[PDB]
């Protein structure tokens, strides 16, 4: 995409801490949340959930004729419901703006006006504070890393002149087809609008890359998940390479399931939640350690702090069926997937050393607040598949009727998440 000129681009200031020192950074809105309009005037190229067929009769013409516009100081709060102060960022769920209505948001941490901050998580400890108390069943306040290009794609794709400055270049391990711009081009070929989401559709291309999910959570359940891909960095995909939900799920270049460590699903029901050991009613510190052996990742450990207590990760709790692991390791992913009858796509795609090499090449930080039009977040907080009764089906305390976006959007429009005190530094020792 090229940049439009109707609205100046303002990145929202955010402080964080990098190896013992304060960094005055900022965040940027993902280009999918932006207005896409003619470079000539004000006409929408993307209008509702379909592209304009005059302006966009094929992707190349669409790319030439359309632009993504800026988000100025005022728009962050009143279109997106996003505020920041100091080292705290708050994302909103349903914000009814001027003439339109925004649902959730996704932002990236910037290094400067034109580049994302690049995190090299190997042999480091990454921490932050989150308040997930205002997120009911069916919502997900997520903090995670993805192998985006530092410049959002401008060096490699010459029709992307907007770049990281306009939040371009998102990819993740889902190989999402709902991205309006992929590899610098409008993804308008073969566009199908969503039946379910009036803002969304899917194009022929998907945008794949490695993804390290530090925190996927609402007030009811939480998980952290490593997703490795067999391709290197940001990778546009079509066809079977995308591994689309359904029959192709395991045939693409990325692991959609990931190797997930989700305490509730692993037989620890009161570890996290309302009045749990870690109490979602209140802010908590989430600390993640990327431990290496011979310079390669071999474990991802998790520690929590809340109210001055240090709380070790809860161990797998299937006595005599699975060892009490308490972290992501190769043996955990192998044994748990066997026990849960899950295809080990994580290993098929490179496993722990594939992930390590991904981490070594550097990742972009993402924070997001969303609901789930595909599976109602049931895989995080309920039972999934809904009628399944076998080990690993049970995920959280929520109803299998929870999480329909139409319901949660109407009933909990005020939902919010607050992330604060982002920090990276050497691996510390814990009591």
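Numbering follows the first chain given and starts at 1.
Look at the mean CA B-factor for 25-33 and for 374-382 in the entry; the higher one is 374-382. Stretches 419-427 and 405-413 differ in mean CA B factor, with 405-413 having the higher one.
Per the PDB record, 53 has a higher Cα B-factor than any other of 63, 368, 49, 53. When the Cα B-factors of 241, 211, 330, 129 are read from the PDB record, 330 comes out highest. The entry lists a Cα temperature factor for residue 172 that places it in the lowest third of the chain's modelled residues. Among the modelled residues of its chain, residue 88 has a C-alpha B-factor that falls in the highest third according to the deposited record.
Placement of the Cα temperature factor of residue 300 within the chain: lowest third of the modelled residues, per the deposited record. Ranked within its chain, residue 68 lands in the lowest third, by CA B factor from the PDB record. Residue-level temperature factors show residue 318 in the highest third of its chain, judged at the C-alpha atom.
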